[PDB]
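Close look at the chain arrangement
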Amino acid sequence: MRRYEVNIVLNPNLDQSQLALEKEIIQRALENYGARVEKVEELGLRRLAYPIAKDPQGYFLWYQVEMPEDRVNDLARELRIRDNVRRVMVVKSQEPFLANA
Amino acid sequence: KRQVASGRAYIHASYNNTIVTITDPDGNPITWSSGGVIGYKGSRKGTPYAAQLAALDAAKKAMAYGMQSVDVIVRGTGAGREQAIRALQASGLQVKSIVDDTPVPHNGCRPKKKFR
Amino acid sequence: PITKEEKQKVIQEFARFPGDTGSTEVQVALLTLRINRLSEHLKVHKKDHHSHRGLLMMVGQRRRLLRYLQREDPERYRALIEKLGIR
Amino acid sequence: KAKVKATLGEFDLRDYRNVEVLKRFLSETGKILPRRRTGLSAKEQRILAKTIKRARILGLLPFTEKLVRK
RNA sequence: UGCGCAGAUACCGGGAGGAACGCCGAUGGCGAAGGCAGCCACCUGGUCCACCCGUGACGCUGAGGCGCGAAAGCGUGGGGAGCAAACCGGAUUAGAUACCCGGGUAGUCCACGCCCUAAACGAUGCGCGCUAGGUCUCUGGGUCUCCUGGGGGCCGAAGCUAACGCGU
Ligand SMILES: [Mg+2]
Ligand SMILES: [Mg+2]
Ligand SMILES: [Mg+2]
Ligand SMILES: [Mg+2]
Ligand SMILES: [Mg+2]
Ligand SMILES: [Mg+2]
Ligand SMILES: [Mg+2]
Ligand SMILES: [Mg+2]
Ligand SMILES: [Mg+2]
Ligand SMILES: [Mg+2]
Ligand SMILES: [Mg+2]
Ligand SMILES: [Mg+2]
Ligand SMILES: [Mg+2]
Ligand SMILES: [Mg+2]
Ligand SMILES: [Mg+2]
Ligand SMILES: [Mg+2]
Ligand SMILES: [Mg+2]
Ligand SMILES: [Mg+2]
Ligand SMILES: [Mg+2]
Ligand SMILES: [Mg+2]
Ligand SMILES: [Mg+2]
Ligand SMILES: [Mg+2]
Ligand SMILES: [Mg+2]
Ligand SMILES: [Mg+2]
Ligand SMILES: [Mg+2]
Ligand SMILES: [Mg+2]
Ligand SMILES: [Mg+2]
Ligand SMILES: [Mg+2]
Ligand SMILES: [Mg+2]
Ligand SMILES: [Mg+2]
Ligand SMILES: [Mg+2]
Ligand SMILES: [Mg+2]
Ligand SMILES: [Mg+2]
Ligand SMILES: [Mg+2]
C-alpha cells in the first residue's frame, strides 16, 4: 500500500441527519476499498475563493489513509458519485518540504 | 419610472468603438449610449471624444431614472477607455468604485489570423 | 513497480554465493525481471514507444551478458537459461 | 520592496491547505508572483506553483480576481 | 459586404459543447530524435549523486534488419467550439486570380490503420583520452567564503580556421 490524503468538499447546507449520512457513506466506501485511516481533520465551514455549485462556501474534510494503490482511482470514482459531494481530490502523501527554515 | 438611484456603469472599450451600459445593482440595464448613438458613424466612433459624449449621454439618461451613485466596470482596451471614465466622474454621478474586469482567456480559443 | 523485497528475493535466488550482487547470473536475472515487467506493461499501453526503447536496450544488454557467459563457461550459461526459460 | 520569503516564518512549501500563507504569494489578482517578488529559489518556486494550483482546485485560492484601480 | 424592429451590440442569470492550458515561465527542465506545459492517481523509460560492495574487459562503432519519426495529407467511424486551404462576397488597384474586411468546406480534435517527408538545424555522426582560466545558471554530494560531480549559457589560454568564428 501507499499513504494518501483524501480531500472531500461537500455542500454546506446539510442538517445533522444528512451530514452524518454522507460521512458514514464515506466511511463505508473507504471500508469497501480497503483504506486504513491514520488521522482525520474536519475543518467544516470555509469560505471558498469562488462559487462552487453556486454555493460560496464549502464543508471541508481531510483524511490521511493508507491503502492499495491500484484501488485509488476506483475509490475516487465511488466518492464523486454522491450529489452532496462536490470536490474529491486524493493526493499521495509527501514529506513536508520546509522553506525559510 | 424605476428610481434605482444607484447601480453599475459598464464601459466596453474596443479600438473600433466605446459603448456604455448603465444597470441597477443586480446587473439589469436601465439606459445606455455608444459611439454610434451620438452622431458618429465610422472610425470616429472609437475616438476618446466619442467616448466622452457616449459616457455623458448615458449618464444624463441615467439622471432621469434618479441615478446618483455609480460603480464603474471596465472591459477592454482602446482609446477613450480612460476618457469615458473621466467623463463618468465629472458627469455628476458620484463614482463609487472602478474595476477592470476585461476577460482574458487562459489560452483556450484560437484567435483570428489578425491576432497572431 | 519492483520493490526491494522482490529484488532481494531474485538476487538471493541467483547469487553465486552469499553477498554476491554483481554476478553475470544475478545481472541477467534482474534484467529479465524488468524485461517481463515491461513486456506485460506493453501488452496494454502499446502506444507507449518511449518505454519500448527502454525494453530494446534491456534486451540488448541481456544478450551481451549472455553472449559473454556463453563464451567463458557454457555450463553455467545452460543452467541460467534453463532456470529463466530463455532462447 | 521587501520579498515574501523575507517577511515570513518557517512554513511548509508543500501544504496546499494553508491559505493564510499562500495568499501572501498571490498578487492583487489571482496570479502567482514571479521569483523576483517572492524571493524563492528555482526549486522553491517550482513547488509553490503546484501547491497553489492544488489549493485553487479546492476553492481555497482563486484563479483570478478583479483589479480595483485605474 | 455582413448582422440588427422576428429587438442585435452592451449587461445580469441558467444551460450545452468543443478545443487549449493564463499567471508560475526562465536566457529553465526532460528526451535518441520527432518532440513534451492546468491538476490528481495508476503503470512506465531514461538519468544523476554518494558508498567502493559485487562481476572481471563482458567494450566501442555499426553496412543490412527492425522500431520511432513535426506538419500536411490518405482510409473507416466519430466529433465539430474557435480558427481556417479551396470557395462565396466586400474593398483596394491600371488589373487583384493577393495583401485588408464579412463569411465558409476540408482540416485542425478522438479511435484504429496508412503515409516516412522537413531550414527533421548545432545546417556540426558516435565513443574514449589529452589540452589555461573566468563568469551566469539547473541539479546532486560535501568538513557548505568554498570544495567536488552531472547538465544548460557567456567571455576567453594554447591551438584551429579562407574568413566568420570555434575554443574541456
Ligand atoms: Mg459528485
Ligand atoms: Mg469604428
Ligand atoms: Mg499601451
Ligand atoms: Mg500568438
Ligand atoms: Mg432587419
Ligand atoms: Mg438590412
Ligand atoms: Mg429579416
Ligand atoms: Mg452569461
Ligand atoms: Mg459543461
Ligand atoms: Mg454541436
Ligand atoms: Mg511565458
Ligand atoms: Mg572492488
Ligand atoms: Mg576476484
Ligand atoms: Mg549504439
Ligand atoms: Mg541501419
Ligand atoms: Mg509521421
Ligand atoms: Mg497530423
Ligand atoms: Mg481524417
Ligand atoms: Mg471525417
Ligand atoms: Mg472566421
Ligand atoms: Mg477569411
Ligand atoms: Mg475576394
Ligand atoms: Mg473589384
Ligand atoms: Mg497598381
Ligand atoms: Mg525541428
Ligand atoms: Mg567527422
Ligand atoms: Mg552506448
Ligand atoms: Mg563554463
Ligand atoms: Mg549543498
Ligand atoms: Mg539534455
Ligand atoms: Mg559545466
Ligand atoms: Mg590565438
Ligand atoms: Mg566563443
Ligand atoms: Mg580533463
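Rules behind the numbers
- Residues numbered from 1 in each chain as written, not as in the entry; some residues may be left out.
- Chains lettered and ligands numbered in written order.
- Part of a larger assembly, values for the part shown.
- Heavy atoms only, no water.
- UniProt positions renumbered as here; feature names shortened; annotations may be inferred.
- Helix = DSSP H or I, 4+ residues; strand = E, 2+ residues; numbered from the N terminus.
- Buried < 20%, exposed > 50% of the residue type's maximum accessible area, 1.4 Å probe, protein only.
- Contact = heavy atoms within 4.5 Å.
- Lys, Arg positive; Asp, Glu negative; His and termini not counted.
- Charge placed at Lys NZ, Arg CZ, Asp CG, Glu CD.
- Buried area = accessible area lost by both parts, 1.4 Å probe.
- Salt bridge = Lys/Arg side-chain N within 4 Å of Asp/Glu carboxyl O.
- Polar contact = N/O pair within 3.5 Å; in protein donor to acceptor, adjacent residues only side chain to side chain.
- Pairing = 2+ DSSP bridges.
- Near = heavy atom within 4 Å.
- Nonpolar A, V, L, I, M, F, W, Y, C, P; charged D, E, K, R; others polar.
- Axes fitted to C-alpha atoms, helices over the stretch in contact; angles between N-to-C directions.
- Core = buried A, V, L, I, M, F, W, Y, C linked by side-chain atoms within 4.5 Å.

Looking at the PDB entry, chain B carries the name 30S ribosomal protein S11, with the source organism given as Thermus thermophilus. The title field of the PDB entry reads "Serial Femtosecond X-ray Crystal Structure of 30S ribosomal subunit from Thermus thermophilus in complex with Sisomicin". Quoted straight from UniProt, the Function entry for chain B says "Located on the upper part of the platform of the 30S subunit, where it bridges several disparate RNA helices of the 16S rRNA. Forms part of the Shine-Dalgarno cleft in the 70S ribosome, where it interacts both with the Shine-Dalgarno helix and mRNA." As recorded by UniProt, the Sequence similarities comment attached to chain B reads in full: "Belongs to the universal ribosomal protein uS11 family."

Within the PDB entry, the label attached to chain A reads 30S ribosomal protein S6, and the organism entered is Thermus thermophilus. Among the UniProt annotations of chain A, the heading Function holds the following wording: "Located on the outer edge of the platform on the body of the 30S subunit." The annotation that UniProt attaches to chain A under Sequence similarities is "Belongs to the bacterial ribosomal protein bS6 family."

**Structural notes on the overall build of chain A**
A tally of helices and strands in chain A yields two helices and five strands. Reading the secondary structure of chain A in the N-to-C direction produces β-α-β-β-α-β-β. In terms of principal-axis extent, the alpha carbons of chain A reach across some 40 × 35 × 20 Å. Across the 101 residues that make up chain A, the buried fraction comes to 42%. For chain A, long-range pairs separated by at least 24 residues make up 77% of all intrachain contacts whose partners lie at least 6 apart in sequence. Here chain A contributes 16 positive and 16 negative side-chain charges, whose respective centroids are spaced 5 Å apart.

**Some remarks on the interface of chain A and chain D**
Counting residues at the interface gives 24 residues for chain A, matched by 22 residues for chain D. Overall, the association of chain A and chain D removes approximately 2000 Å² of surface from exposure, summing both partners, and the carbon and sulfur fraction of that is 58%. At the junction of chain A and chain D, the tally comes to one salt bridge. Of the charged contacts, one joins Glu41(A) and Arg17(D) as a salt bridge, the two residues approaching to 2.8 Å between their closest N and O atoms. Where chain A packs against chain D, one counts 15 residue pairs in polar contact.

**Considering the pairing of strand β2 (residues 36-52) of chain A**
For a regular strand, the rule is simple: side chains alternate between the two faces of the sheet. Residues and elements named next belong to chain A. As paired strands, β2 and strand β3 (residues 55-67) are joined by 11 bridges and run antiparallel to one another. Paired with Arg36 across the bridge in β3 is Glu66. What sits between β2 and β3 in their antiparallel hairpin is a turn of two residues, with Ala53 showing a positive phi close to 50°.

**Some details on the pattern of salt bridges**
By the definition in use, this model includes 24 salt bridges over all chains. Ionic pairing is found between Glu42(A) and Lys23(A), a salt bridge with its closest N-O pair at 2.9 Å. Pair noted here: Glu42(A) is in strand β2 and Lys23(A) is in helix α1 (residues 16-33), with a separation of 19 residues, a long-range link. Overall, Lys23(A) belongs to the partly exposed group, its relative accessible area being 23%. Here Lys5(D) ties to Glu44(D) by a salt bridge, and the two come within 3.3 Å at their closest N and O atoms. Of this pair, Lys5(D) sits in the segment before β1 (11-12) while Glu44(D) is found in helix α3 (residues 42-57), placing the two residues 39 residues apart along the sequence. The buried category is assigned to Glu44(D), whose relative accessible area is 8%. A cluster of three or more residues bridged by salt bridges with shared partners is formed by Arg3(A), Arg36(A), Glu38(A) and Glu66(A).

**Overview of the protein's contact with RNA strand E**
Residues in contact with RNA strand E amount to 67 residues; listed here are only the nearest, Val90(A), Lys92(A), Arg75(B), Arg110(B) and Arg46(D). Within 4 Å of the protein, atoms of RNA strand E come from sugar and phosphate in 76% of cases. At a separation of 3.3 Å, a base nitrogen of RNA strand E approaches a polar side-chain atom of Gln27(C). When residues of the surface near RNA strand E are assigned to their parent elements, the largest contribution, 12 residues, is made by helix α3 (residues 49-72) of chain C. Taken together, the residues of the surface near RNA strand E sort by class into 22 nonpolar, 20 polar and 25 charged.

**Observations concerning the sheet that holds strand β1 (residues 6-13) of chain B**
Residues and elements named next belong to chain B. Taken in spatial order, the five strands make up an open sheet running β3-β2-β1-β4-β5, and their pairing is mixed. The open sheet has two edge strands with one neighbour each: β3 (29-34) and β5 (94-100). Put simply, the sheet's adjacent strands are angled 20° from each other on average, direction ignored. Strand direction decides the pairing type here: β1 and strand β4 (residues 69-75), joined by seven bridges, are parallel. Its bridge partner being in β4, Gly7 is matched across the sheet by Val70. Each of β2 (18-23) and β3 is contacted by helix α1 (residues 48-63), which is oriented at about 155° to β3, the strand it contacts most.

**A short note on the nonpolar core**
Where a protein is soluble and globular, its nonpolar side chains tend to be buried together. Formed by 27 residues in total, the largest nonpolar core has its most connected members in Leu13(D), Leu22(D), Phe25(D), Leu48(D), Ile52(D), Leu58(D) and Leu61(D). Of all the elements in the fold, those that place two or more residues in this core are β2, β3 and β4 (85-92) of chain A together with α1 (19-22) and α3 of chain D. The element contributing the most residues to this core is α3(D), with four residues. Once residues within four sequence positions are removed from consideration, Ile52(D) is found in contact with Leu22(D), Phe25(D), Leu26(D), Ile32(D) and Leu61(D).

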